[PDB]
Each structure stands twice: as structure tokens, then as C-alpha cells.
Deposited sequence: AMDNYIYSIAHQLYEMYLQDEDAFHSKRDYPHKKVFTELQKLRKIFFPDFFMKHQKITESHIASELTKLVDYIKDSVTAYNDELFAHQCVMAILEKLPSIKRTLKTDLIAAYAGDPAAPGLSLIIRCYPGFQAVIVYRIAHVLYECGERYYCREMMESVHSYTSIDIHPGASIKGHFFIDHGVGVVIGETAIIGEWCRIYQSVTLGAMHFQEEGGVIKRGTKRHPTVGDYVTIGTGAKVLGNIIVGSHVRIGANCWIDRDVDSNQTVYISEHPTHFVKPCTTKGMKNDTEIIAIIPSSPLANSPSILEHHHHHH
């Protein structure tokens, strides 16, 4: 049953690949670079020209990688939770993958448009850390939405170590999303970020806690609108609202609401 369901989702993803515009295609066999399991597998599956020898890109081989990835995530969700919760979480992931593939194309488009230094999508797809982070994040988020609270944090801790970008999986982020450079980025469990958000190194959208067992959870991180740019070093803290079309300056400390259509600096 889960195997037949995997076959169908691999088939959908194999066809989407086929019909992806030529910017998402390439005939080159690229250098093989082994990375942590969830990333390695999500990469191959979503953007096969860039990570698989041309000769091996086959609907069947894509199913095989999707199965390896499923087993691994199911194995890990089970360890921290139980077999039935795991089964249900992975079904959720499977259901959402076509959708996440679409969103990730849009994040690639935002990355190219936002980065005067990018030569083409092949480079972003292959090596841009912002993009590796978001790939894994969009998967870890489905797991958070299932109610899972352990393995999904451990996934993002793989991101955290590989890229120095720290996105809590409960964060809610829409498409055309781009983190440039990314080191020192931290995004909180209850962060909400809208469309076309561009974020630099050393930005925090989260919270701090001065001393005096702090209450667990609750909405406590910013909500950011659409078309927002947050400059290198800015710390945006608390349950505050940043409107749409806001550009925040470098090293800004934001602790109160920010109205739409502004530029903040000092």
C-alpha cells in the first residue's frame, strides 16, 4: 500500500521533471558530492539532472530513491515516536511532495532574481546553502504539521551544521523565498514569512528570553508580509508584525510592529 502510493508520487515527480522548463534541465554529468541522507535524496528526486548521471535518470530509479528516503524517515520517526504515527507522517510527506517541488522552483527563481552573483540555476541547485536549507525545511515542516516534534528538529540540525542556517521546522514560509549567504540565520518555531522574502546572513526572526522554566510554545516570533527584505545583521524579535514591501537595514534591532511600504534604517 505505501509502496503503491510511493510509485504514484514518484511517477508524478518523474513527469513534472520531464516538463520542467529547460532552465531546470542539463545534459552535463556533474561532480558527485555526498551529503546528509535527507538532503542527498531530496536533491536527486527533485532536480535529477544536477545530481544523477544522465544514463540513470529513469522513472524507476526515482522511485527507488524515494523509497530509500521514505524508509529512512519512517525508521527515524518511529525511533522517536511509534510506528503508526510514523506511517501517517510519511504519507503526509508523500502527499505534499509535488506541491513542494513547485514551491522550490519558485525559490530557485527568487534566488536567481535576487543574486547579482548567480550564473544560472545549475549553481544554486547544486551548491547554494540557502537552497539546500529550504529543500530540507519544506519536508521537515510537513513533519511538524503532522505533530512530530523530534525527528523534524534533528533534520534541521543537519541543515544547521552543514550550512549554519537555523530554521525551526514549525516556521511557516511561502514561496519565492531566498536566504543569501545564510550563515547565522535563525528562524523561530512560530515565525510566519510571506511570499518573495529575501533574507541575508546574520538575520534573526525569532525571540530572546531574559532570565526570571519558561513557558513552552505559543505564538512568539514575527509574522512577515510579502516582498520583505531583511538586511545583513538585523534582529527582528517578538510576536510583532512586519508589513509587506518593508526593507529593513543592516544591523537593525526590530522589536515593535513595522507598517507596510517602509524602509527602516538608522
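Asks: Missing CA coverage against the deposited sequence, listed in sequence order.
Replies: Residues missing from the model, as numbered along the full deposited sequence, span 213-215, 270-314.
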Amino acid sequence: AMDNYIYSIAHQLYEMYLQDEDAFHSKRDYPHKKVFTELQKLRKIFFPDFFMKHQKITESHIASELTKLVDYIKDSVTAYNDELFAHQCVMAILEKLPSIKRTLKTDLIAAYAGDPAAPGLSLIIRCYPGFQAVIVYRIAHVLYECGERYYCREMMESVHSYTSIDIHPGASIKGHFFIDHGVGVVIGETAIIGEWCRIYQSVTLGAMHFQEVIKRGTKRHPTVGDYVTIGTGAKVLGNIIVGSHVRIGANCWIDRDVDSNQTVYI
From here on, numbers count along this sequence of modelled residues.
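Asks: Of the two stretches 79-87 and 106-114, which shows the higher Cα B-factor on average in the entry?
Replies: Looking at the recorded C-alpha B-factors, 79-87 comes out higher on average.
Asks: Comparing 233-241 with 51-59, where is the mean C-alpha B-factor higher?
Replies: Higher mean C-alpha B-factor in the PDB entry: 51-59.
Asks: Taking the values straight from the PDB record, which of 39, 214, 203, 66 has the highest C-alpha temperature factor?
Replies: So the option with the highest C-alpha B-factor is 214.
Asks: Could you place residue 189 in the lowest, middle or highest third of its chain by Cα temperature factor, using the values in the record?
Replies: Answer is lowest: the recorded C-alpha B-factor places it there.
Asks: Of the three thirds of its chain by CA temperature factor, lowest, middle or highest, which one includes residue 71?
Replies: For residue 71, whose C-alpha B-factor we compare with every modelled residue in the chain, the answer is the highest third.
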